[PDB]
Amino acid sequence: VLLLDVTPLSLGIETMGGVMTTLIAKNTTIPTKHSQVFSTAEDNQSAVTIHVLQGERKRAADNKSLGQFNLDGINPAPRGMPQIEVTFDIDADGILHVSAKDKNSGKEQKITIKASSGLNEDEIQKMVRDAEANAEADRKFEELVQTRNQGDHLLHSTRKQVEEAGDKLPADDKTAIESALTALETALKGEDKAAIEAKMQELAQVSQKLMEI
Amino acid sequence: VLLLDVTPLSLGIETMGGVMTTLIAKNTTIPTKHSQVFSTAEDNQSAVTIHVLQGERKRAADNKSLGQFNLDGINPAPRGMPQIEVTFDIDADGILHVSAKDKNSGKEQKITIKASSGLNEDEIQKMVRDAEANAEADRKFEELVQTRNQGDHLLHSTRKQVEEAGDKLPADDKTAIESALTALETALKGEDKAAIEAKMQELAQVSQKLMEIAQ
Amino acid sequence: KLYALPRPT
Amino acid sequence: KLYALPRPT
């Protein structure tokens, strides 16, 4: 065939730390369906937001919002435990159906997005250009976010372990650790990946006993 | 929009050395139309073949053939001098119209290629991946072809000169030249760049008298 | 491989 | 820039 219908830009959702995670690659032929399992960013999280995006940028905020919806009633559990199945389906008429289902609870929610939605031809071509021109920075952002997310999770973990050991932790230990937590929390607000990792390392360095515990 | 009607793969023609040259880029919205001027591979070439291809490979042979036609009546001229304007027009119905026109002779030829031609969806996906996996080999193939074409050109111009000169060329020389020509010809069939340039050198080394004569 | 989702609001 | 076309056959 010399011609075909495609979705002209990547389609996905916003994941932890404000990054776009693609479900349907740009220029995929339609109709099409793609499903992927996601989980929860933090412990005891009972709801997620599915923010549907179109575009090629790594920063979710830089892409075109097509819609959103929440999925609630998730049983509070450890981060990473819930299995939230996210399905993007584009029919032959270019109508996009997005659903999210929590496998445990069977709770589900969905949205329908009209074919005429999103970016027009000139906006599409600018999007592609802007993505190319910003490829290095978008990659750095992506890497930054992966590190922030790791550091974020290190905070929570460490904090839960310090409470979990209570008495059995030397005060000088606890102190070193509390201070390293603060430094890390501060670094996380920054945009310097190495700085965050360095604070992770300093924290690891003073957590050895707590790690024994 | 979430839906665009596009050409799923690049469309173009074969050029000298078995290369794919693109006229319409993959994922171009239809309808669309593009034109580009080409010329002749060899001196005094009277005709060209327009081999219409679909695909992402730099090697013409690895792309899908959609059709072919000839344009003849090209007037005598050094290679590279005629102007053959090739136009690809895809209409809203997905029918591809390809024409070539010789700006000098005014001669033109056309074909029409139906919407259902070329590769299917599975094949399209395979093609894109194939191209991606071979991106570097194709870059190397392009380099190769540049040398190959220089070589073909030297071969052709040497042959012409020998003939033109016929009798005035010492038999010593014409024997060395025929041998060098053959060697060069062989080399061309390989993908060793150096070997090609080396055979060209060897031909040049035995062509000095020819050059004097011809000149 | 396993990506995570923010809470609402 | 300017690409060249083969002769027929």
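Chains as they are written, first to last, in the deposited numbering: chain A, 389 to 601; chain B, 389 to 603; chain D, 0 to 8; chain C, 0 to 8.
We treat Cβ as the ideally placed atom computed from N, Cα and C, and that holds for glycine.
Exposure label - residue i; buried when at least 16 CB within 10 Å
i: C/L1; result: exposed
i: B/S567; result: exposed
i: A/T403; result: buried
i: A/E444; result: buried
i: B/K514; result: exposed
i: B/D510; result: exposed
i: A/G405; result: buried
i: B/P466; result: exposed
i: B/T395; result: buried
i: B/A559; result: exposed
Inter-residue spacing [alpha-carbon to alpha-carbon] between residue i and residue j
i: B/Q424; j: B/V474; result: 5 Å
i: A/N522; j: A/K577; result: 22 Å
i: A/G539; j: A/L572; result: 7 Å
i: A/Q433; j: A/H541; result: 14 Å
i: A/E552; j: A/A592; result: 17 Å
i: A/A429; j: A/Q589; result: 22 Å
i: A/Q456; j: A/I438; result: 5 Å
i: B/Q596; j: B/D431; result: 21 Å
i: residue 624 of chain A; j: D/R6; result: Because residue 624 of chain A is not part of the residues shown, which for chain A are 389 to 601, the question remains open.
i: B/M599; j: B/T563; result: 15 Å
i: A/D555; j: A/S545; result: 18 Å
i: A/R527; j: A/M408; result: 12 Å
i: A/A448; j: A/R536; result: 16 Å
i: D/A3; j: B/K489; result: 58 Å
i: A/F529; j: A/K581; result: 9 Å
i: A/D481; j: B/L391; result: 8 Å
i: B/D561; j: B/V594; result: 7 Å
i: A/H485; j: B/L454; result: 36 Å
i: B/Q442; j: B/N508; result: 11 Å
i: B/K587; j: B/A525; result: 23 Å
i: A/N415; j: B/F476; result: 22 Å
i: A/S427; j: B/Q534; result: 53 Å
i: B/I565; j: B/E496; result: 39 Å
i: B/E520; j: A/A413; result: 15 Å
i: A/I483; j: A/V550; result: 50 Å
i: B/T574; j: B/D518; result: 29 Å
i: residue 609 of chain B; j: B/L543; result: For chain B, the structure presents residues 389 to 603; residue 609 of chain B sits outside this window and is missing.
i: B/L569; j: B/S487; result: 36 Å
i: A/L459; j: A/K548; result: 27 Å
Helix, strand or coil at residue i [DSSP, three-state]
i: B/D431; result: coil
i: B/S505; result: coil
i: A/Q596; result: helix
i: A/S398; result: coil
i: A/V425; result: strand
i: A/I601; result: coil
i: A/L572; result: helix
i: A/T563; result: helix
i: A/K452; result: strand
i: A/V389; result: coil
i: A/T546; result: helix
i: A/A582; result: helix
i: B/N415; result: coil
i: A/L591; result: helix
i: B/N537; result: helix
i: D/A3; result: strand
i: A/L557; result: coil
Under 8 Å between C-beta atoms of residue i and residue j
i: A/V436; j: A/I499; result: no
i: A/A503; j: B/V389; result: yes
i: B/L411; j: B/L399; result: yes
i: A/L532; j: A/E579; result: yes
i: B/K452; j: B/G506; result: yes
i: A/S493; j: A/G468; result: no
i: B/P419; j: B/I478; result: yes
i: A/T417; j: A/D393; result: yes
i: A/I512; j: A/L557; result: no
i: A/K491; j: A/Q471; result: yes
Contact test: residue i Cβ vs the ligand GDP heavy atom, cutoff 7 Å
i: A/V425; result: The model depicted lacks the ligand GDP and carries no ligand whatsoever.
(request) Entirely within the stretch 469-527 of chain A and at least 3 residues each: give me those beta strand (DSSP E) ranges in chain order. (result) 472-478, 484-490, 496-501
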